[PDB]
Each structure stands twice: as structure tokens, then as C-alpha cells.
Amino acid sequence: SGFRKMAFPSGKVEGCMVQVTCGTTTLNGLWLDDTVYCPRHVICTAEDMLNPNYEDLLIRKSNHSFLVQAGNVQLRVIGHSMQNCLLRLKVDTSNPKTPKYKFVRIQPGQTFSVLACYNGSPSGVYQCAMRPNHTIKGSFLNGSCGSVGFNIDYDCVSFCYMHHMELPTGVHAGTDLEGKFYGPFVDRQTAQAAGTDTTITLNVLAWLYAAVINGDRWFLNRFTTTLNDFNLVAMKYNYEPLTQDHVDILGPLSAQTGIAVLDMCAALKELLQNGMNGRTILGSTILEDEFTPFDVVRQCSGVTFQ
Amino acid sequence: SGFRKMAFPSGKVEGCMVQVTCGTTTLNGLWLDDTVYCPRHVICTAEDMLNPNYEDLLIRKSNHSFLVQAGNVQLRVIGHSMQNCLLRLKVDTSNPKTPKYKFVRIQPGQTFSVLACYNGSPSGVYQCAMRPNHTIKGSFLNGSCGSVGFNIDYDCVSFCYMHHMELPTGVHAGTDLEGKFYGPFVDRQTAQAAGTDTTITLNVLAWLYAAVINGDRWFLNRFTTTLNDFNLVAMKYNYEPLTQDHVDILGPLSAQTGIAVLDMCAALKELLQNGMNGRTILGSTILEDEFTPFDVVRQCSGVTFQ
Amino acid sequence: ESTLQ
Amino acid sequence: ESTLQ
């Protein structure tokens, strides 16, 4: 019993972290097989960072402009390409610790673990959601760039995020492992701002199902709702609209607790309207939107405490 | 910038997890050098668990009553002693992945990471505090026993917790790596209950210092307080009393933000009295007690955003 | 009661 | 502004 923001064990990822230096900029990279990936802004000095041209800054570098240390051992660079907003460095050693892995782009609302690193050296692990406005509420200091986000499905590491920058809001922006940003952001120090965000409706509902599976029922009520009547209410409280696809994803959690989705929306409709009455759901005095339905199936018991 | 409940990277611990079976009870163990530790209740059947005598159940077992699998490889047991509420199994292989490590007993209010495992197989990592009433608000299913808590200081793993059981509250109880429980609990299925808990005053104050270092100041006020006048207030809101030792530990955070401790207590005294006015501190609408002062120095910038 | 896990 | 890290 219990319910925590749980991250994936990080070992398989720790073995791919390295440090990458260019001039006097140092950040982290990820070493898979014989390639090291990192943000391309590693080739910038502070002056460059306001108006960089990467095509043009990169041709002014050779392989030996890049230092790659893994622990103690120096890795020699023998190749370099730009890929969108990342670099790819071919090196002379293949990483003996390369795990089974793949790269996926994730969708807003989805969730993942972040391994925070400084100077190629893992410092911590925590669990995140990709926000609707495409930021993350991470925790990062200077030198954290090239820290990655991931999931584990069985034996396989799904890399989905690389850290590039921090917004004025204090939130973070980055990239998939192909170099394509999440969001409208660009790797430059200019005026740039998070779009306004929204609460992840699908997730809140997942989290209410988790409360019930754990054996708490107080927030339920006897009503039902039409999808459209819910959405009229959702829009006024800045929630994402619920769609039919979202309703279908909540199927097995519906099946496990015998609560119909639309009954649960009615429950939420009520919580939004009347507050919680200074009470808690799974420990929280607020409605929690950073567990997906999948996050709830994995952590929770397959048997409801009825 | 940002502030998350951050756990330690878990790799060095993943390599010590194994599975341990006795009869038809299976739980996890920790393999350091040539020893595997696990809860002693692994030698119990469901009937045994209500009134066990361990001295007596254990003499009725030999080395080959215990199956130890690490991944695929079977490890042969060549020795077994009871140690308080743990077993120690000498095996034929020394763990090639044994990290530098030590065992420490931790004090209430202190904090640590938990690697949740089922059948010797790490499933997740999250960050915990040892509560004043000696429980933890973990997340554990059946088969999680022998999951361990830890800290990392540099290169060294400080093991401080092993999971044994779950209380009626839904919270968790266990042991140091010497077998001595935290709390008055015993490894039996009887009537047993958490003592009432208290909020960790030292930690709340750490967390207020973290808000300021991150650059938020709204909750401050112009008052100061005597330690004793604060405590009179603290006791009515079920906070631990503040002591002089706690005040001294908050020294470097005082020094970094130029806020005197006793000024910060006055700030808290005020928050307890008037609420937050539906506002947030570091994202939270409530006062957060699971970061220690050390947790704040490690995660936060050494430079205040003034 | 109490649940050893 | 914006801070690359």
C-alpha cells in the first residue's frame, strides 16, 4: 500500500554518462555503442550564446576540439556531425556498458525519469511529466545540460529527453535524442517564455483511480455526466478537455474498481466545484496530475482493497 | 533552479540485489562481499507468522534450505546465522559488484532513498524520510521485503534500512542492517500500530531556506521570536520542539541567505497561525517536511538569487 | 493486524 | 532571458 512519485532505477543509465568539453564549456553526454550525444551548444562561449550560428561555429572545429572523459579514461573523438540541436561524436571505444535501448519522442502528459548529472557524474534521480506547454518542472543547476530522461520497459531503455536550457519561469526545456526540441523553443539566450500550461486531465483521473484501488472512496458521488458537460466545466478550471481516447485508456482501471469513467468525471466535476474540504487524497490536499494511467497500473496492486 | 524530491542514483545498489526463497516464501536480499542479508521472516509460512519463534524455527533449517538466485546464477549457501531480525547467509561467490559501503543507523527526521524490488528485481527508486514515530510512508506491495534504503556520500553507500512489514495505517516498518528495528515494532502479524507522528520542524525550516535561496521571499515578516515562545506555538500545531542543536545546524543556510534562524521561526510561527492564503512555496500549498538541511545544501545553488 | 511483505 | 546549462 502507499503511493509515491517513483522513478525508474538508474543503473543502466549511469553507465552511459560522460563529460564533454569544448573550449571552456563543459556539459554531459550520453555514450551509446561508439557514439556520444550532447547539446550542440557545447561549442558556444557566453558571447556566442546570444546570436549563435551553429552551422558556422561547427565548421571552425575539428575532432580534437572535443574532450570526452568517462570516469578517468579519455575517449578519442574520430568524427562529429550536427543533428538538429545535438552533436554526434564517434569515438574509438564502444561502450562496454551499452544497454538494450531505443529513442522515442514523447507526448505531452507522458511521464519519465531524469538523471541529474554534473561533469559526467550522476548526482540524483527524480520523476517528471512532460507538461502540456512542453516544459518540465525539473531541478537543474548550471552544468546539468545533457542530463537525460528515460523509461524502462523490461530490459530496454527508452531515451526521450535531453536537457538544454532553463526558462525565465524557472522551468526546463530540451530535446528528444534526435535533437528536435519539445516546444517552440530554440537553443539561444533570447526572450522566450513558457506558453501557459494546463492541468493533465487524463492523469488526475488515473490518480483518483489509484486512491480507490488503495481503498479510499470519500470523493465519489451518485452522479454521472456527459463528456461535453464535463468539458464545459473543465475549460473554466483550466483542465485539458477529456476526449474519447482518454476515456478508453481509463478502461482497465474502470474495470478493476467497477467505477465507470463518466461517474469518475462526475466525482472530479464535484471536487473542482466544492474543493476538498481540507481533506486529502493519497496524502495530497491537491489534485495530482503527474501519474499517467500506466504509472498507476505499474505501481498499484492488481487487486482492489474493496 | 527548481526543487524536487530527489533520490540518489541507484546503480551501485542494483548490483547487490538478489532473491532468497525458503519453502514457498520469497523475498529480496542484499549481497555484499560473500554475505547475503534478508529479513528473518523468510523462514516463516503464513501460519507461523502469527506466533513465530525464530530461534526454534531456524535450528530446523540447514544451508540448503535457502535458495539464492542473482539474475540467473544460483548461489550456494554455506553458512547461516541469525542477527536480530535478519539472517546472514555466507555464500560461495564474493559479489564482483560489491561497492565501497558501510552500515549506519539513522535518526528520526533523517532522509534516504529506497530501491523497491520484487523477486530480486529492482522496480523503482524514491526518496523517503524516517518519521518521528519511526515509520516511513513508502510504497510497497507483497514481495517487497528486503528492499533497502540508503545514502551515498561520495563513492560510499550508507545502508540504513531494510523493509520487513506494513502497518494497518498503510505505512512501513523495518530495520537497520544489523537487524534492529526502528520503532517498538516486532516481526510478527499481531495488533501493532504507528505511534502518533509529528511534523519535522528542522526540515520545514530547511525547506523555507530553500525557497529564499531560489528567490522567493513572500512568507517572511519583520518579527523575531524567543526559542521558547516558538515552542509554545509549535506544540499546539503538533511540530517537534525546536532545540538549540537544530538552530545551529541551520547556520550555513542562515549565513547564505542572511536570514537569522529566529527570524525564520517567526516567519513559520506566522504561517502556522494565518495559513498560506491559498499561495505556494516552492510549488507546494503546504509546509514540506521531508528535506533535511543537508538535502537543501546538496540540491540548491551555493549562490542565493537575491 | 500487520503485514510482513 | 533564457539560460543554457
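Residues numbered from 1 in each chain as written, not as in the entry; some residues may be left out. Chains lettered and ligands numbered in written order. Heavy atoms only, no water.

Chain A has the name 3C-like proteinase in the PDB entry, where SARS coronavirus is given as its organism.

In this structure the tally under the stated criterion is 24 salt bridges over all chains. Measuring nitrogen to oxygen at the nearest pair gives 2.9 Å for the salt bridge that ties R4 of chain B to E290 of chain A. Placement of the pair is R4 of chain B in the segment before α1 (11-14) and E290 of chain A in the loop between α7 (261-274) and α8 (293-299), with the two residues belonging to separate chains. Each member of the pair, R4 of chain B together with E290 of chain A, is buried. Linked by salt bridges that have partners in common, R4 of chain A together with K5, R131, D197, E288, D289 and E290 of chain B make up one network. (Salt bridge = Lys/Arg side-chain N within 4 Å of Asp/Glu carboxyl O. Helix = DSSP H or I, 4+ residues; strand = E, 2+ residues; numbered from the N terminus. Buried < 20%, exposed > 50% of the residue type's maximum accessible area, 1.4 Å probe, protein only.)

This next bit is on the pairing of strand β3 (residues 35-39) of chain B. Residue and element names in this part refer to chain B. The element β3 is extensively covered by neighbouring structure, given that 5 of its 5 residues are classed as buried. Taken together, the 3 bridges between strand β2 (residues 25-32) and β3 define a ladder with antiparallel strand orientation. Looking across to β3, one finds that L30 is bridged to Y37. When β3 meets strand β7 (residues 86-91), the two strands line up antiparallel, connected through 5 bridges. Bridged to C38 within β7 is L87. (Pairing = 2+ DSSP bridges.)

What follows covers the packing of aromatic side chains. For the structure on display, the rule yields 16 aromatic pairs over all chains. Through pairs of rings, three or more aromatic residues link up here, namely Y37, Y101, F103 and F159 of chain A. The ring of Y54 of chain A carries the charged tip of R40 of chain A above its face, separated from the ring centre by 3.8 Å. Its guanidinium or amino end placed over the ring of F291 of chain B, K5 of chain B lies 6.0 Å from that ring's centre, counting from NZ or CZ. (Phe/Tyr/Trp six-rings, centres within 6.5 Å; stacked < 30°, edge-to-face > 60°. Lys NZ or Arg CZ within 6 Å of the ring centre and 35° of its normal.)

So, on to helix α4 (residues 227-236) of chain B. Residue and element names in this part refer to chain B. When α4 is considered as a whole, its buried residues turn out to be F230, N231, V233 and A234. Along the axis of α4, the buried positions cluster into a sector of 165°, meaning they face one direction only. Looking at α4, the residues exposed on the side facing more than 90 degrees away from the buried face are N228, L232 and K236. On the buried face of α4, the contacting elements are α3 (201-214) and α7 (261-274). (Arc of directions from axis to C-beta. Contact = heavy atoms within 4.5 Å.)

This part takes up unusual backbone geometry. All names here are of chain A. The backbone phi angle of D33 is positive, close to 50°, even though this residue is not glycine. Residue placement: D33 occurs in the loop between β2 (25-32) and β3 (35-39). For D33, a relative accessible area of 36% corresponds to the partly exposed category.

What follows is about the domain arrangement of chain A. All names here are of chain A. Looking at chain A, the domain boundaries give domain 1 (1-14 + 100-197), domain 2 (15-99) and domain 3 (198-301). Computed from C-alpha atoms alone, the centre-to-centre distance between domain 1 and domain 3 is 26 Å. Taken together, the contact between domain 1 and domain 3 spans 18 residues of the former and 20 residues of the latter. Buried surface at the junction of domain 1 and domain 3, summed over both partners, amounts to about 1600 Å²; 51% is from carbon and sulfur atoms. When residues of domain 1 are sorted by the area they lose upon contact with domain 3, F3, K5 and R131 head the list and together hold 41% of the total. Seen at the junction of domain 1 and domain 3, the total is 4 salt bridges. We note a salt bridge from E290 to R131, for which the minimum N-O separation is 3.5 Å. For the pair domain 1 and domain 3, the number of links is 10 residue pairs in polar contact. (Domains from an automatic or database assignment. Buried area = accessible area lost by both parts, 1.4 Å probe. Polar contact = N/O pair within 3.5 Å; in protein donor to acceptor, adjacent residues only side chain to side chain.)

Take chain B, turn it by 180°, move it 0.0 Å along the axis, and it overlays chain A with an RMSD of 0.0 Å. The superposition of one copy onto the other is thereby described by a two-fold rotation axis. Closest approach to the rotation axis among the C-alpha atoms of chain B is made by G11 of chain B, whose C-alpha sits 1.8 Å away. With an isologous cut-off of 70% or more, the 100% of interface residues of chain B that recur at the interface of chain A puts this contact in the isologous class. (Least-squares fit on C-alpha atoms.)

Time to look at the nonpolar core. Judged by nonpolar contacts, the single largest core of 38 residues is most densely connected at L30 and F159 of chain A together with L30 and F159 of chain B. When contributions to this core are tallied by element, the ones reaching two or more residues are β2, β9 (111-118), β11 (148-153) and β12 (156-166) of chain A together with β2, β9 (111-118), β11 (148-153) and β12 (156-166) of chain B. Look past the residues within four positions of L30 of chain B in its chain and what remains in contact with it is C16, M17, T35, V36, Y37, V148, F159, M162 and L177 of chain B. Ranked by size, the runner-up nonpolar core spans 35 residues in total, among them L205, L208, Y209 and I259 of chain A. (Core = buried A, V, L, I, M, F, W, Y, C linked by side-chain atoms within 4.5 Å.)

Residues and elements named next belong to chain A. For α7, with 14 residues, the first-to-last C-alpha span of 20 Å sits near the 20 Å given by 1.5 Å per residue. Taken residue by residue, α7 has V261, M264, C265, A266, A267, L268, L271 and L272 as its buried positions. As for α7, its buried residues are in contact with α3 (201-214), α4 (227-236), α5 (244-249) and α6 (251-257). Residue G275 follows α7 closely and has a positive phi angle near 75°. (Expected span 1.5 Å × (residues − 1).)

This brings us to the sheet that holds β3 of chain A. Residues and elements named next belong to chain A. In spatial order, the strands read β5-β4-β1-β2-β3-β7-β6; together these 7 strands make up an open sheet with antiparallel pairing. Edge strands, defined here as strands with exactly one partner in the open sheet, are β5 (73-75) and β6 (77-83). Each strand of the sheet is rotated relative to its neighbour by a mean of 30°, with strand direction disregarded. Where β6 and strand β7 (residues 86-91) come together, 6 bridges link them in antiparallel fashion. Residue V77 lies in a different strand from β7, and its bridge partner there is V91. (Axes fitted to C-alpha atoms, helices over the stretch in contact; angles between N-to-C directions.)

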